[PDB]
Protein chains: 2
Amino acid sequence: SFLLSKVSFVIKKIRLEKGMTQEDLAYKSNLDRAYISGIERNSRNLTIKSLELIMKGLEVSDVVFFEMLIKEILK
Amino acid sequence: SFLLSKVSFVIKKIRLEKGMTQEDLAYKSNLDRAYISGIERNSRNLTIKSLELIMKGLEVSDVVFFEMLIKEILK
């Protein structure tokens with residue numbers, strides 16, 4: 001999946017910009033660390049709900065996530 | 001969920017814009033009509049891969065789907 005790879009890139013990029021570890025994001029979002037880790041490797045076929053939870057744990061607005069996704073796809 | 005109802009709304013809006021029924025879309029995408037139906041009710045369980053595949057069947061680029069999603073969130 002091209003789209004799944006761009007999605008995973010942005011999640012990890014925003015996470016690192018916010019200064020959170022995968023373990024911090026796990027506890028925030030109530031997702032397991034291993035699911036987080038797989039998402040960032042492009043190895044979990046993430047649902048929309050899971051994406052919502054991650055954006056919430058990352059404290060990024062949904063518009064900001066989608067804007068950076070569009071930018072990354074356009075590169 | 002606000003995000004989930006906006007995602008479902010946009011998939012349905014575009015499918016209607018392209019003049020497809022739920023079944024037209026399913027036949028095009030090798031999915032079932034009941035899956036398309038459930039997605040438009042409740043986008044909880046939609047994955048990134050399924051989303052890519054739906055956009056492909058709708059012949060809407062990824063960048064355009066995310067624009068219409070942002071418009072809807074902001075409206």
# chains A, B, ... in the order shown; residues from 1 in each chain; ligands from 1
call {"tool": "select_by_dssp", "arguments": {"residues": "segment 4-46 of chain A", "states": "alpha helix (DSSP H)", "output": "PyMOL selection string"}}
result
chain A and resi 4-17+22-29+33-40
call {"tool": "interface_residues", "arguments": {"of": "chain A", "to": "chain B", "cutoff": "7 Å", "atoms": "only C-alpha atoms", "output": "list in words"}}
result
residues 1, 3, 4, 45, 46, 47, 48, 49, 63, 66 and 70 of chain A
call {"tool": "calpha_fit_and_write", "arguments": {"fixed": "chain A", "moving": "chain B", "output": "PDB file with N, CA, C and O atoms, in the first residue's frame"}}
result
ATOM      1  N   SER B   1       2.576  -0.679  -1.150  1.00  0.00           N
ATOM      2  CA  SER B   1       1.609   0.467  -1.195  1.00  0.00           C
ATOM      3  C   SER B   1       2.233   1.816  -0.794  1.00  0.00           C
ATOM      4  O   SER B   1       2.707   2.021   0.320  1.00  0.00           O
ATOM      5  N   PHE B   2       2.152   2.729  -1.737  1.00  0.00           N
ATOM      6  CA  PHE B   2       2.541   4.106  -1.567  1.00  0.00           C
ATOM      7  C   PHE B   2       1.778   4.818  -0.446  1.00  0.00           C
ATOM      8  O   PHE B   2       2.366   5.536   0.321  1.00  0.00           O
ATOM      9  N   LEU B   3       0.473   4.597  -0.362  1.00  0.00           N
ATOM     10  CA  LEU B   3      -0.401   5.299   0.576  1.00  0.00           C
ATOM     11  C   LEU B   3      -0.058   4.822   1.961  1.00  0.00           C
ATOM     12  O   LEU B   3       0.090   5.601   2.875  1.00  0.00           O
ATOM     13  N   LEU B   4       0.038   3.511   2.098  1.00  0.00           N
ATOM     14  CA  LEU B   4       0.308   2.902   3.365  1.00  0.00           C
ATOM     15  C   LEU B   4       1.669   3.309   3.905  1.00  0.00           C
ATOM     16  O   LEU B   4       1.777   3.537   5.104  1.00  0.00           O
ATOM     17  N   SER B   5       2.677   3.442   3.055  1.00  0.00           N
ATOM     18  CA  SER B   5       3.977   3.854   3.609  1.00  0.00           C
ATOM     19  C   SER B   5       3.972   5.366   3.980  1.00  0.00           C
ATOM     20  O   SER B   5       4.648   5.794   4.897  1.00  0.00           O
ATOM     21  N   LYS B   6       3.127   6.155   3.320  1.00  0.00           N
ATOM     22  CA  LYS B   6       3.038   7.591   3.609  1.00  0.00           C
ATOM     23  C   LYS B   6       2.292   7.833   4.899  1.00  0.00           C
ATOM     24  O   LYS B   6       2.627   8.770   5.647  1.00  0.00           O
ATOM     25  N   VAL B   7       1.199   7.080   5.101  1.00  0.00           N
ATOM     26  CA  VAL B   7       0.465   7.118   6.350  1.00  0.00           C
ATOM     27  C   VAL B   7       1.371   6.771   7.590  1.00  0.00           C
ATOM     28  O   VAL B   7       1.368   7.468   8.623  1.00  0.00           O
ATOM     29  N   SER B   8       2.100   5.671   7.459  1.00  0.00           N
ATOM     30  CA  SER B   8       3.022   5.223   8.488  1.00  0.00           C
ATOM     31  C   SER B   8       4.124   6.296   8.752  1.00  0.00           C
ATOM     32  O   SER B   8       4.494   6.558   9.867  1.00  0.00           O
ATOM     33  N   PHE B   9       4.636   6.859   7.700  1.00  0.00           N
ATOM     34  CA  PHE B   9       5.640   7.910   7.778  1.00  0.00           C
ATOM     35  C   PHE B   9       5.158   9.159   8.530  1.00  0.00           C
ATOM     36  O   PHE B   9       5.903   9.794   9.309  1.00  0.00           O
ATOM     37  N   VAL B  10       3.894   9.522   8.295  1.00  0.00           N
ATOM     38  CA  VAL B  10       3.364  10.697   8.880  1.00  0.00           C
ATOM     39  C   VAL B  10       3.069  10.452  10.363  1.00  0.00           C
ATOM     40  O   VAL B  10       3.351  11.322  11.240  1.00  0.00           O
ATOM     41  N   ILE B  11       2.531   9.300  10.701  1.00  0.00           N
ATOM     42  CA  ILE B  11       2.267   8.993  12.110  1.00  0.00           C
ATOM     43  C   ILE B  11       3.587   9.076  12.881  1.00  0.00           C
ATOM     44  O   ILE B  11       3.651   9.752  13.931  1.00  0.00           O
ATOM     45  N   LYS B  12       4.640   8.499  12.315  1.00  0.00           N
ATOM     46  CA  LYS B  12       5.930   8.488  12.975  1.00  0.00           C
ATOM     47  C   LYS B  12       6.609   9.839  13.092  1.00  0.00           C
ATOM     48  O   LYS B  12       7.215  10.130  14.125  1.00  0.00           O
ATOM     49  N   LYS B  13       6.501  10.629  12.034  1.00  0.00           N
ATOM     50  CA  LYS B  13       6.986  12.013  11.988  1.00  0.00           C
ATOM     51  C   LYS B  13       6.334  12.889  13.044  1.00  0.00           C
ATOM     52  O   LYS B  13       7.012  13.612  13.737  1.00  0.00           O
ATOM     53  N   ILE B  14       5.022  12.856  13.141  1.00  0.00           N
ATOM     54  CA  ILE B  14       4.329  13.583  14.163  1.00  0.00           C
ATOM     55  C   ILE B  14       4.622  13.141  15.627  1.00  0.00           C
ATOM     56  O   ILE B  14       4.744  13.975  16.518  1.00  0.00           O
ATOM     57  N   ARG B  15       4.675  11.819  15.864  1.00  0.00           N
ATOM     58  CA  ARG B  15       5.032  11.258  17.138  1.00  0.00           C
ATOM     59  C   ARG B  15       6.454  11.725  17.558  1.00  0.00           C
ATOM     60  O   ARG B  15       6.697  12.073  18.680  1.00  0.00           O
ATOM     61  N   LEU B  16       7.343  11.730  16.623  1.00  0.00           N
ATOM     62  CA  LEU B  16       8.695  12.229  16.916  1.00  0.00           C
ATOM     63  C   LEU B  16       8.650  13.734  17.175  1.00  0.00           C
ATOM     64  O   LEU B  16       9.353  14.228  18.064  1.00  0.00           O
ATOM     65  N   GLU B  17       7.816  14.466  16.418  1.00  0.00           N
ATOM     66  CA  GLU B  17       7.698  15.932  16.595  1.00  0.00           C
ATOM     67  C   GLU B  17       7.185  16.300  17.942  1.00  0.00           C
ATOM     68  O   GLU B  17       7.662  17.259  18.510  1.00  0.00           O
ATOM     69  N   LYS B  18       6.251  15.497  18.455  1.00  0.00           N
ATOM     70  CA  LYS B  18       5.686  15.658  19.786  1.00  0.00           C
ATOM     71  C   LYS B  18       6.600  15.085  20.912  1.00  0.00           C
ATOM     72  O   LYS B  18       6.241  15.123  22.071  1.00  0.00           O
ATOM     73  N   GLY B  19       7.749  14.535  20.557  1.00  0.00           N
ATOM     74  CA  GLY B  19       8.732  14.101  21.537  1.00  0.00           C
ATOM     75  C   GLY B  19       8.237  12.907  22.346  1.00  0.00           C
ATOM     76  O   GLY B  19       8.505  12.823  23.535  1.00  0.00           O
ATOM     77  N   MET B  20       7.513  11.980  21.691  1.00  0.00           N
ATOM     78  CA  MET B  20       7.073  10.749  22.313  1.00  0.00           C
ATOM     79  C   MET B  20       7.801   9.564  21.691  1.00  0.00           C
ATOM     80  O   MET B  20       7.941   9.466  20.468  1.00  0.00           O
ATOM     81  N   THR B  21       8.144   8.600  22.534  1.00  0.00           N
ATOM     82  CA  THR B  21       8.552   7.292  22.073  1.00  0.00           C
ATOM     83  C   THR B  21       7.259   6.502  21.701  1.00  0.00           C
ATOM     84  O   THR B  21       6.153   6.979  22.009  1.00  0.00           O
ATOM     85  N   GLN B  22       7.423   5.320  21.071  1.00  0.00           N
ATOM     86  CA  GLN B  22       6.285   4.440  20.806  1.00  0.00           C
ATOM     87  C   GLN B  22       5.534   4.065  22.084  1.00  0.00           C
ATOM     88  O   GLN B  22       4.313   4.046  22.135  1.00  0.00           O
ATOM     89  N   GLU B  23       6.268   3.833  23.149  1.00  0.00           N
ATOM     90  CA  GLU B  23       5.645   3.525  24.380  1.00  0.00           C
ATOM     91  C   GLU B  23       4.936   4.706  25.051  1.00  0.00           C
ATOM     92  O   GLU B  23       3.828   4.494  25.675  1.00  0.00           O
ATOM     93  N   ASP B  24       5.515   5.913  24.935  1.00  0.00           N
ATOM     94  CA  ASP B  24       4.864   7.119  25.479  1.00  0.00           C
ATOM     95  C   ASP B  24       3.486   7.232  24.848  1.00  0.00           C
ATOM     96  O   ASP B  24       2.491   7.415  25.541  1.00  0.00           O
ATOM     97  N   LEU B  25       3.448   7.034  23.523  1.00  0.00           N
ATOM     98  CA  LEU B  25       2.229   7.177  22.754  1.00  0.00           C
ATOM     99  C   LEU B  25       1.165   6.095  23.170  1.00  0.00           C
ATOM    100  O   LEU B  25      -0.027   6.406  23.337  1.00  0.00           O
ATOM    101  N   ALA B  26       1.632   4.859  23.284  1.00  0.00           N
ATOM    102  CA  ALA B  26       0.835   3.709  23.710  1.00  0.00           C
ATOM    103  C   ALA B  26       0.201   3.968  25.108  1.00  0.00           C
ATOM    104  O   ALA B  26      -1.051   3.876  25.282  1.00  0.00           O
ATOM    105  N   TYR B  27       1.019   4.396  26.055  1.00  0.00           N
ATOM    106  CA  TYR B  27       0.549   4.724  27.434  1.00  0.00           C
ATOM    107  C   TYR B  27      -0.516   5.840  27.416  1.00  0.00           C
ATOM    108  O   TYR B  27      -1.527   5.792  28.148  1.00  0.00           O
ATOM    109  N   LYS B  28      -0.279   6.833  26.589  1.00  0.00           N
ATOM    110  CA  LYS B  28      -1.212   7.921  26.448  1.00  0.00           C
ATOM    111  C   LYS B  28      -2.569   7.495  25.852  1.00  0.00           C
ATOM    112  O   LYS B  28      -3.607   8.075  26.164  1.00  0.00           O
ATOM    113  N   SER B  29      -2.537   6.545  24.925  1.00  0.00           N
ATOM    114  CA  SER B  29      -3.671   6.208  24.060  1.00  0.00           C
ATOM    115  C   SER B  29      -4.353   4.907  24.493  1.00  0.00           C
ATOM    116  O   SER B  29      -5.336   4.471  23.895  1.00  0.00           O
ATOM    117  N   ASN B  30      -3.820   4.274  25.524  1.00  0.00           N
ATOM    118  CA  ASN B  30      -4.240   2.944  25.965  1.00  0.00           C
ATOM    119  C   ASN B  30      -4.110   1.954  24.819  1.00  0.00           C
ATOM    120  O   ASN B  30      -5.064   1.293  24.438  1.00  0.00           O
ATOM    121  N   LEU B  31      -2.919   1.897  24.245  1.00  0.00           N
ATOM    122  CA  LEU B  31      -2.597   0.933  23.242  1.00  0.00           C
ATOM    123  C   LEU B  31      -1.311   0.311  23.741  1.00  0.00           C
ATOM    124  O   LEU B  31      -0.818   0.655  24.829  1.00  0.00           O
ATOM    125  N   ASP B  32      -0.803  -0.629  22.964  1.00  0.00           N
ATOM    126  CA  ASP B  32       0.505  -1.299  23.251  1.00  0.00           C
ATOM    127  C   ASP B  32       1.586  -0.703  22.376  1.00  0.00           C
ATOM    128  O   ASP B  32       1.349  -0.251  21.230  1.00  0.00           O
ATOM    129  N   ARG B  33       2.802  -0.723  22.892  1.00  0.00           N
ATOM    130  CA  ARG B  33       3.931  -0.250  22.162  1.00  0.00           C
ATOM    131  C   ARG B  33       4.097  -1.043  20.833  1.00  0.00           C
ATOM    132  O   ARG B  33       4.423  -0.460  19.783  1.00  0.00           O
ATOM    133  N   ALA B  34       3.916  -2.371  20.888  1.00  0.00           N
ATOM    134  CA  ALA B  34       4.067  -3.237  19.708  1.00  0.00           C
ATOM    135  C   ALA B  34       3.036  -2.906  18.623  1.00  0.00           C
ATOM    136  O   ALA B  34       3.297  -3.034  17.446  1.00  0.00           O
ATOM    137  N   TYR B  35       1.865  -2.463  19.024  1.00  0.00           N
ATOM    138  CA  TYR B  35       0.865  -1.950  18.038  1.00  0.00           C
ATOM    139  C   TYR B  35       1.390  -0.659  17.344  1.00  0.00           C
ATOM    140  O   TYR B  35       1.387  -0.551  16.108  1.00  0.00           O
ATOM    141  N   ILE B  36       1.865   0.294  18.135  1.00  0.00           N
ATOM    142  CA  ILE B  36       2.448   1.514  17.577  1.00  0.00           C
ATOM    143  C   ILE B  36       3.641   1.183  16.659  1.00  0.00           C
ATOM    144  O   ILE B  36       3.724   1.592  15.476  1.00  0.00           O
ATOM    145  N   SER B  37       4.551   0.396  17.192  1.00  0.00           N
ATOM    146  CA  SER B  37       5.630  -0.167  16.336  1.00  0.00           C
ATOM    147  C   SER B  37       5.155  -0.785  14.976  1.00  0.00           C
ATOM    148  O   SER B  37       5.667  -0.463  13.911  1.00  0.00           O
ATOM    149  N   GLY B  38       4.182  -1.676  15.011  1.00  0.00           N
ATOM    150  CA  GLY B  38       3.693  -2.351  13.779  1.00  0.00           C
ATOM    151  C   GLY B  38       3.058  -1.387  12.821  1.00  0.00           C
ATOM    152  O   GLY B  38       3.229  -1.493  11.655  1.00  0.00           O
ATOM    153  N   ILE B  39       2.371  -0.382  13.338  1.00  0.00           N
ATOM    154  CA  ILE B  39       1.706   0.634  12.530  1.00  0.00           C
ATOM    155  C   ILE B  39       2.721   1.441  11.703  1.00  0.00           C
ATOM    156  O   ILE B  39       2.516   1.713  10.502  1.00  0.00           O
ATOM    157  N   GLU B  40       3.821   1.808  12.357  1.00  0.00           N
ATOM    158  CA  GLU B  40       4.885   2.557  11.725  1.00  0.00           C
ATOM    159  C   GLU B  40       5.659   1.641  10.698  1.00  0.00           C
ATOM    160  O   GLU B  40       6.156   2.112   9.707  1.00  0.00           O
ATOM    161  N   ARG B  41       5.677   0.333  10.896  1.00  0.00           N
ATOM    162  CA  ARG B  41       6.259  -0.562   9.881  1.00  0.00           C
ATOM    163  C   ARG B  41       5.324  -0.706   8.711  1.00  0.00           C
ATOM    164  O   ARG B  41       5.689  -0.505   7.559  1.00  0.00           O
ATOM    165  N   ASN B  42       4.095  -1.051   9.028  1.00  0.00           N
ATOM    166  CA  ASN B  42       3.135  -1.467   8.023  1.00  0.00           C
ATOM    167  C   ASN B  42       1.748  -0.971   8.479  1.00  0.00           C
ATOM    168  O   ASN B  42       1.175  -1.589   9.398  1.00  0.00           O
ATOM    169  N   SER B  43       1.267   0.133   7.870  1.00  0.00           N
ATOM    170  CA  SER B  43      -0.108   0.720   8.164  1.00  0.00           C
ATOM    171  C   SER B  43      -1.376  -0.002   7.552  1.00  0.00           C
ATOM    172  O   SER B  43      -2.520   0.499   7.642  1.00  0.00           O
ATOM    173  N   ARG B  44      -1.178  -1.253   7.093  1.00  0.00           N
ATOM    174  CA  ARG B  44      -2.197  -2.095   6.397  1.00  0.00           C
ATOM    175  C   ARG B  44      -3.470  -2.188   7.258  1.00  0.00           C
ATOM    176  O   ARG B  44      -4.608  -1.909   6.815  1.00  0.00           O
ATOM    177  N   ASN B  45      -3.165  -2.431   8.532  1.00  0.00           N
ATOM    178  CA  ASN B  45      -4.206  -2.876   9.485  1.00  0.00           C
ATOM    179  C   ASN B  45      -4.731  -1.741  10.367  1.00  0.00           C
ATOM    180  O   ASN B  45      -5.662  -1.962  11.157  1.00  0.00           O
ATOM    181  N   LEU B  46      -4.219  -0.525  10.179  1.00  0.00           N
ATOM    182  CA  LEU B  46      -4.731   0.617  10.889  1.00  0.00           C
ATOM    183  C   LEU B  46      -6.141   0.984  10.444  1.00  0.00           C
ATOM    184  O   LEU B  46      -6.375   1.192   9.249  1.00  0.00           O
ATOM    185  N   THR B  47      -7.087   1.074  11.400  1.00  0.00           N
ATOM    186  CA  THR B  47      -8.444   1.502  11.085  1.00  0.00           C
ATOM    187  C   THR B  47      -8.644   2.980  11.312  1.00  0.00           C
ATOM    188  O   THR B  47      -7.900   3.610  11.998  1.00  0.00           O
ATOM    189  N   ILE B  48      -9.714   3.502  10.740  1.00  0.00           N
ATOM    190  CA  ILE B  48     -10.071   4.874  10.928  1.00  0.00           C
ATOM    191  C   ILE B  48     -10.228   5.186  12.424  1.00  0.00           C
ATOM    192  O   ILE B  48      -9.724   6.197  12.893  1.00  0.00           O
ATOM    193  N   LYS B  49     -10.876   4.312  13.183  1.00  0.00           N
ATOM    194  CA  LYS B  49     -11.039   4.580  14.640  1.00  0.00           C
ATOM    195  C   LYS B  49      -9.714   4.642  15.409  1.00  0.00           C
ATOM    196  O   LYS B  49      -9.483   5.577  16.209  1.00  0.00           O
ATOM    197  N   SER B  50      -8.852   3.662  15.152  1.00  0.00           N
ATOM    198  CA  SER B  50      -7.486   3.684  15.683  1.00  0.00           C
ATOM    199  C   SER B  50      -6.703   4.903  15.288  1.00  0.00           C
ATOM    200  O   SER B  50      -5.930   5.466  16.102  1.00  0.00           O
ATOM    201  N   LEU B  51      -6.877   5.364  14.045  1.00  0.00           N
ATOM    202  CA  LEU B  51      -6.228   6.574  13.608  1.00  0.00           C
ATOM    203  C   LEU B  51      -6.706   7.808  14.386  1.00  0.00           C
ATOM    204  O   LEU B  51      -5.869   8.656  14.845  1.00  0.00           O
ATOM    205  N   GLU B  52      -8.018   7.944  14.546  1.00  0.00           N
ATOM    206  CA  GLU B  52      -8.568   9.019  15.325  1.00  0.00           C
ATOM    207  C   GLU B  52      -7.994   9.051  16.767  1.00  0.00           C
ATOM    208  O   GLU B  52      -7.639  10.094  17.306  1.00  0.00           O
ATOM    209  N   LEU B  53      -7.968   7.894  17.387  1.00  0.00           N
ATOM    210  CA  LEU B  53      -7.423   7.705  18.713  1.00  0.00           C
ATOM    211  C   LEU B  53      -5.923   8.067  18.807  1.00  0.00           C
ATOM    212  O   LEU B  53      -5.487   8.745  19.753  1.00  0.00           O
ATOM    213  N   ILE B  54      -5.138   7.678  17.802  1.00  0.00           N
ATOM    214  CA  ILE B  54      -3.714   8.062  17.754  1.00  0.00           C
ATOM    215  C   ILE B  54      -3.522   9.583  17.626  1.00  0.00           C
ATOM    216  O   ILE B  54      -2.648  10.161  18.266  1.00  0.00           O
ATOM    217  N   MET B  55      -4.307  10.229  16.788  1.00  0.00           N
ATOM    218  CA  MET B  55      -4.249  11.684  16.578  1.00  0.00           C
ATOM    219  C   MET B  55      -4.619  12.457  17.845  1.00  0.00           C
ATOM    220  O   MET B  55      -4.023  13.504  18.155  1.00  0.00           O
ATOM    221  N   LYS B  56      -5.637  11.945  18.521  1.00  0.00           N
ATOM    222  CA  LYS B  56      -6.023  12.368  19.850  1.00  0.00           C
ATOM    223  C   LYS B  56      -4.903  12.235  20.883  1.00  0.00           C
ATOM    224  O   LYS B  56      -4.723  13.130  21.640  1.00  0.00           O
ATOM    225  N   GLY B  57      -4.166  11.125  20.909  1.00  0.00           N
ATOM    226  CA  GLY B  57      -3.036  10.969  21.823  1.00  0.00           C
ATOM    227  C   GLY B  57      -1.845  11.834  21.464  1.00  0.00           C
ATOM    228  O   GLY B  57      -1.157  12.337  22.349  1.00  0.00           O
ATOM    229  N   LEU B  58      -1.584  11.972  20.155  1.00  0.00           N
ATOM    230  CA  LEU B  58      -0.577  12.908  19.632  1.00  0.00           C
ATOM    231  C   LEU B  58      -0.962  14.385  19.765  1.00  0.00           C
ATOM    232  O   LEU B  58      -0.145  15.251  19.478  1.00  0.00           O
ATOM    233  N   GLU B  59      -2.195  14.667  20.178  1.00  0.00           N
ATOM    234  CA  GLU B  59      -2.757  16.046  20.166  1.00  0.00           C
ATOM    235  C   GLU B  59      -2.540  16.852  18.883  1.00  0.00           C
ATOM    236  O   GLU B  59      -2.144  18.031  18.907  1.00  0.00           O
ATOM    237  N   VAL B  60      -2.841  16.180  17.765  1.00  0.00           N
ATOM    238  CA  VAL B  60      -2.839  16.760  16.411  1.00  0.00           C
ATOM    239  C   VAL B  60      -4.277  16.682  15.959  1.00  0.00           C
ATOM    240  O   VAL B  60      -4.937  15.674  16.140  1.00  0.00           O
ATOM    241  N   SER B  61      -4.806  17.762  15.414  1.00  0.00           N
ATOM    242  CA  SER B  61      -6.163  17.745  14.864  1.00  0.00           C
ATOM    243  C   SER B  61      -6.201  16.893  13.596  1.00  0.00           C
ATOM    244  O   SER B  61      -5.153  16.652  12.953  1.00  0.00           O
ATOM    245  N   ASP B  62      -7.409  16.457  13.238  1.00  0.00           N
ATOM    246  CA  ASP B  62      -7.611  15.580  12.059  1.00  0.00           C
ATOM    247  C   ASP B  62      -7.211  16.270  10.739  1.00  0.00           C
ATOM    248  O   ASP B  62      -6.514  15.708   9.868  1.00  0.00           O
ATOM    249  N   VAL B  63      -7.593  17.528  10.662  1.00  0.00           N
ATOM    250  CA  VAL B  63      -7.274  18.383   9.545  1.00  0.00           C
ATOM    251  C   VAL B  63      -5.789  18.575   9.339  1.00  0.00           C
ATOM    252  O   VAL B  63      -5.306  18.459   8.221  1.00  0.00           O
ATOM    253  N   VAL B  64      -5.036  18.749  10.407  1.00  0.00           N
ATOM    254  CA  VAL B  64      -3.583  18.806  10.309  1.00  0.00           C
ATOM    255  C   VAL B  64      -2.897  17.503   9.892  1.00  0.00           C
ATOM    256  O   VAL B  64      -1.910  17.511   9.136  1.00  0.00           O
ATOM    257  N   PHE B  65      -3.360  16.368  10.407  1.00  0.00           N
ATOM    258  CA  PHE B  65      -2.808  15.096   9.956  1.00  0.00           C
ATOM    259  C   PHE B  65      -2.998  14.895   8.445  1.00  0.00           C
ATOM    260  O   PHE B  65      -2.088  14.400   7.738  1.00  0.00           O
ATOM    261  N   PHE B  66      -4.223  15.148   7.970  1.00  0.00           N
ATOM    262  CA  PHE B  66      -4.506  15.006   6.512  1.00  0.00           C
ATOM    263  C   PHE B  66      -3.680  15.979   5.608  1.00  0.00           C
ATOM    264  O   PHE B  66      -3.181  15.547   4.560  1.00  0.00           O
ATOM    265  N   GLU B  67      -3.460  17.231   6.076  1.00  0.00           N
ATOM    266  CA  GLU B  67      -2.489  18.134   5.411  1.00  0.00           C
ATOM    267  C   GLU B  67      -1.103  17.625   5.314  1.00  0.00           C
ATOM    268  O   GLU B  67      -0.481  17.701   4.259  1.00  0.00           O
ATOM    269  N   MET B  68      -0.565  17.113   6.403  1.00  0.00           N
ATOM    270  CA  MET B  68       0.759  16.562   6.295  1.00  0.00           C
ATOM    271  C   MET B  68       0.799  15.296   5.420  1.00  0.00           C
ATOM    272  O   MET B  68       1.814  14.974   4.774  1.00  0.00           O
ATOM    273  N   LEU B  69      -0.294  14.553   5.409  1.00  0.00           N
ATOM    274  CA  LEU B  69      -0.365  13.363   4.518  1.00  0.00           C
ATOM    275  C   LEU B  69      -0.354  13.792   3.026  1.00  0.00           C
ATOM    276  O   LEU B  69       0.320  13.214   2.224  1.00  0.00           O
ATOM    277  N   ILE B  70      -1.115  14.820   2.688  1.00  0.00           N
ATOM    278  CA  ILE B  70      -1.140  15.330   1.329  1.00  0.00           C
ATOM    279  C   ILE B  70       0.218  15.872   0.850  1.00  0.00           C
ATOM    280  O   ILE B  70       0.616  15.634  -0.284  1.00  0.00           O
ATOM    281  N   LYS B  71       0.913  16.592   1.720  1.00  0.00           N
ATOM    282  CA  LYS B  71       2.274  17.117   1.474  1.00  0.00           C
ATOM    283  C   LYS B  71       3.168  15.976   1.141  1.00  0.00           C
ATOM    284  O   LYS B  71       3.819  16.001   0.126  1.00  0.00           O
ATOM    285  N   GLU B  72       3.120  14.907   1.930  1.00  0.00           N
ATOM    286  CA  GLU B  72       3.963  13.721   1.718  1.00  0.00           C
ATOM    287  C   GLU B  72       3.669  12.981   0.435  1.00  0.00           C
ATOM    288  O   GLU B  72       4.591  12.554  -0.247  1.00  0.00           O
ATOM    289  N   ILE B  73       2.391  12.808   0.107  1.00  0.00           N
ATOM    290  CA  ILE B  73       2.000  12.195  -1.149  1.00  0.00           C
ATOM    291  C   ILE B  73       2.489  13.029  -2.350  1.00  0.00           C
ATOM    292  O   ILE B  73       3.000  12.492  -3.323  1.00  0.00           O
ATOM    293  N   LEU B  74       2.311  14.343  -2.266  1.00  0.00           N
ATOM    294  CA  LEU B  74       2.751  15.247  -3.321  1.00  0.00           C
ATOM    295  C   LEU B  74       4.271  15.486  -3.423  1.00  0.00           C
ATOM    296  O   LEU B  74       4.697  16.049  -4.415  1.00  0.00           O
ATOM    297  N   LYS B  75       5.082  15.078  -2.443  1.00  0.00           N
ATOM    298  CA  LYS B  75       6.532  15.479  -2.368  1.00  0.00           C
ATOM    299  C   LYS B  75       7.421  14.580  -3.229  1.00  0.00           C
ATOM    300  O   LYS B  75       7.075  13.415  -3.473  1.00  0.00           O
TER     301      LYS B  75
END
